[PDB]
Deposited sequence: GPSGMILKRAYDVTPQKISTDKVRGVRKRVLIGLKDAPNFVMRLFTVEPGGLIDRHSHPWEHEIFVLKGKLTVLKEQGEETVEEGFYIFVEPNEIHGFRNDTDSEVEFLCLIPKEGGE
């Protein structure tokens, strides 16, 4: 068993930190990442052939969709099916943070 404070993980888009908290180094099936998006930060719209499972931990996250956008806040979860267009933007003055998990096929 591994027990650790997330922020202590060294990080691996604009104005992002990406931490792989539980990577395939340790885990057999899926990966736990922590994303910190600075004010004005951006993860461009993209597509990958694997799903995302996300939990918004802090702040107000703009979710970029195939068409248009939606804003969610801390305490929201997000499921993105494989190949669905998605991106993320921080349109606030405050740090945004979210947990993001992907299956092994997505690497880290």
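According to the record, the deposited residues with no C-alpha atom in the structure span 1-4, 17-22.
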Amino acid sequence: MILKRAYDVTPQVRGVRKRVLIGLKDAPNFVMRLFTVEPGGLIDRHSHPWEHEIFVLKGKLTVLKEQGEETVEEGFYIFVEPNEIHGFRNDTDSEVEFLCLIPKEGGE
From here on, numbers count along this sequence of modelled residues.
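In this entry, 43-51 shows the higher mean Cα temperature factor of the pair 43-51 and 29-37.
Take 89, 18, 14, 86 and read off each C-alpha B-factor from the entry; 14 has the highest. In this PDB entry, residue 101 carries a Cα temperature factor that places it within the lowest third of its chain's modelled residues.
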